[PDB]
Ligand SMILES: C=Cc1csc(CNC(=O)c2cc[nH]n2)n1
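First, one chain by itself: the form deposited without this ligand, in structure tokens.
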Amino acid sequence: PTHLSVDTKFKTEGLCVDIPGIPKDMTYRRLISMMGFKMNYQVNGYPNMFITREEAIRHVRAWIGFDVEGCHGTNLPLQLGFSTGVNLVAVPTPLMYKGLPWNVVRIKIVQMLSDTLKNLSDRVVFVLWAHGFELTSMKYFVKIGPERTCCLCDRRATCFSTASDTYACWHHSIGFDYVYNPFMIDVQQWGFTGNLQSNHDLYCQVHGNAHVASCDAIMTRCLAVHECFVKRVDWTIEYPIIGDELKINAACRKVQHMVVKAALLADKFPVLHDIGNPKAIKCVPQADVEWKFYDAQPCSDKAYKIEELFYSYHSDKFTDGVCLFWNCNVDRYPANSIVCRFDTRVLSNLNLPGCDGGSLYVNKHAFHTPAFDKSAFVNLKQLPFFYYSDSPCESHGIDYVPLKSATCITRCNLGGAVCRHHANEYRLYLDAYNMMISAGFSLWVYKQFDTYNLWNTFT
């Protein structure tokens, strides 16, 4: 049970307004044939154009909401909308393009999908709320066949060119005119009552319905993300490395140890309340502090209410010492906090657009994160960059330019001249810091935090 059987039944009720008379009894095999495609009993890696929910979730990076609305059907112009906000008008002769024939529309589709997906995935998964026109329009821009490799590289082929009779991946498809071996899923097969807008609007207020095909395409993909990542959560599913995943996670671990160690040295809290990850380890193992853990899984729908996390009767007194919220998203942080909050607004290959302002952050696992809210941090301040070290000034073992920095909190800098070891360590740490920030993470600390209190730890 790996792929979706072509002999699986497809409910056609949602298709009968564009396609009147459609048989109630329908398989994927018959539907694909009706869409104008011939599979020829091919055992060559492409068993079905349609995929399961499980296969769709594994390939969330490939998701592109797609909707087709009749502007006037072989005789009428069609408006093709994509969750990228693009609207193309195909004539059979929020970006809105005027009517053009299919031979030019298909070139634009290949360019748009290649630019959106080359750094995300090896495929495209068209996420539909199928009514008919979108399925019958696929023959105009899609070619199918056996699984192939790119003409210029080892990646699988996602595009085809009728000019050169060649196949290309998303990175080498310039000038290509056909989408090759796409995948698709119809959200209406999941069992919903009512139309797209009524189901989407139950969980999201950020996407509106301007009555254009891209609006519906956006709502469709948002609803699919809500069903698969918000109301249902599977953190076991692994996702491939496509960018700076390893460096970001390593930087996150370096920054957490640095910031927590310095906060304990500067304000000598007798107790730390570590709220979040049920699998958390002490990030500063040598610290004197009483380390107490509280379990909370990552919230994917709304941010946790601090009243529910802390009250209803543990040290009980969270007000004593400091609270560490490392990627634990709460509505309003207490004043005595050390916080790392992922900013859902960040533009990156890891962060996909999500539901109701939130974003789907995909790094080893998929985490739908609730919308970033600046008010969550009213009792805190932004944590400034600093590097702290009490390790001995000793090189051991990359050329050098002398480091001068007020934020290099070391015994050598206190003594008036940064040593080579602490300069190399400072520069490596600043790189890890910038990587973590640029990835979308934001750091916040209790208002009394002052790095001036770290200089007296060298006496």
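From 1 onward, residues are counted along the sequence shown.
We do not show the form deposited with this ligand bound, though everything after this point is about it.
Asks: Quick check: superpose the C-alphas round the site, drop in this ligand from its position in the entry with it bound, and tell me whether this chain leaves it open or blocked (blocked if 3+ atoms sit within 2.4 Å of backbone or C-beta).
Replies: The pocket is blocked.
Asks: Give a yes or no for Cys151: in the entry with it bound, does one of its heavy atoms lie within 4.5 Å of a heavy atom belonging to this ligand?
Replies: Outside the cut-off, so no.
Asks: Does the 4.5 Å heavy atom contact test between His211 and this ligand in the entry with it bound come out positive?
Replies: Contact with this ligand, yes.
Asks: Hey, in the entry with it bound, does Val124 get a heavy atom within 4.5 angstroms of this ligand?
Replies: Residue-level check for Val124: no, no contact with this ligand.
Asks: Mark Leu128 yes when one of its heavy atoms lies within 4.5 Å of a heavy atom of this ligand in the entry with it bound, and no otherwise.
Replies: No.
Asks: Heavy atom within 4.5 Å of this ligand in the entry with it bound: which of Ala224, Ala168, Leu78, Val110?
Replies: Answer to the contact question: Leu78.
Asks: Quick one: which residues from 282-308 get a non-hydrogen atom within 4.5 Å of this ligand in the entry with it bound?
Replies: Nothing in this stretch is in contact.
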